[PDB]
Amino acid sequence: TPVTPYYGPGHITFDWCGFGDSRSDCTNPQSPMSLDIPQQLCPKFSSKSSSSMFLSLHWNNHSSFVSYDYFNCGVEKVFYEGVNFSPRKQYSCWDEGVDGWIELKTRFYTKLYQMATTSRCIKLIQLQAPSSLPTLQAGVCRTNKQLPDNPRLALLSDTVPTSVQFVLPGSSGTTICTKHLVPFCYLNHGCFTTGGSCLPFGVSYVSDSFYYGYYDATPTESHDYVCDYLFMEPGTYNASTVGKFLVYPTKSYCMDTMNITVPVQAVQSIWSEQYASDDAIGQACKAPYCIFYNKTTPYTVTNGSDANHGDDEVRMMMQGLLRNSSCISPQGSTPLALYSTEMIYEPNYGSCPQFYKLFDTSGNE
């Protein structure tokens, strides 16, 4: 019989998982009023109030940073977080401004979703400190906001070219790490004046089979904190420097491999209209790796815990996760059928119905 896509995420198999924030955290004291998902799906989500996967990559816990050890496994994946690092927060570190950090956010989610499509498990781990570390002075932000804890940015007591060794583990607990999502960051725009001269800023991650680096010795002194998010295989690497500045990772997303490529799903994660949101999720979640379900309405709560918890639109969307589905698409989900009442676009997966009008024998069409 004919079917119509149900707008919202969905799952075809039992092997699915969710990543989220307060709006899918049943440990929140206001739950179930504070949920945007059905309460019975809380055990399917790895979620924590006030956190995000981006924020938790870069920061451990501080007064304005709620860091969570995100961890979940599923062939099919539903992401519903991101809001807790938004322009509302007004975070910046050096001269990059808030827009700089919305760009970094977009880069991170782009890579996260990409890597997630060939993984089943995704787990944020704390890396061990390099075994040998010289005397180090912690870096700071020009803004006096909290410097990211990952990657570590620190200052050596001399200008001697140096390497320390870091380990991306092959496993963490029961999870296999066939790959790691690792940030590589640096301060750009020329040499950096400290310890009596304008020192080249040159750092790199290196092994026999890997190189990624930045170098600038070129002559207001301005710098931006910039990051790239790297696919790195398990192994031991050098965090190398041409001198003074040292950057090495302290956390990573450990992922395993599955031998199928399944697009992930992300729902728009924003604040009510009185606060400043971004579209990093929409810009990051693109074909062919990610199926983006945008909101068509503002974040609007009529029967929830406060103005930013219990959106009617997203609640209706998340009902899709309770449905019988064999096809997942940006139009939503359908059970197994021959014909769809509307056109189904990409990315999609499963066994999908074909657009009804293509088979019409009227022929009015």
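We number the residues from 1 along the sequence you see.
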With respect to the deposited sequence, is there a break between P219 and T220 in this entry, and if so is it 1 to 3, 4 to 9, or 10 or more residues, or none at all? 4 to 9
Quick check: 168-176 versus 114-122, which has the larger average CA B-factor in the record? 168-176
Between the two ranges 258-266 and 179-187, the one averaging a larger CA B factor in the entry: 258-266
Quiz for you: based on the deposited Cα B-factor, which of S47, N28, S50, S325 is highest? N28
Compare the CA B factors listed in the entry for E273, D149, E76, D158 and report the winner. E273
Please place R107 in the lowest, middle or highest third of its chain according to the CA B-factor in the PDB entry. lowest
Could you place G213 in the lowest, middle or highest third of its chain by Cα temperature factor, using the values in the record? middle
Among the chain's modelled residues, which third holds the C-alpha B-factor of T300? highest
Modelled-residue ranking by C-alpha temperature factor, third containing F14: highest
Would you check the entry's CA temperature factor for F54 and let me know if it's in the chain's lowest, middle or highest third? lowest
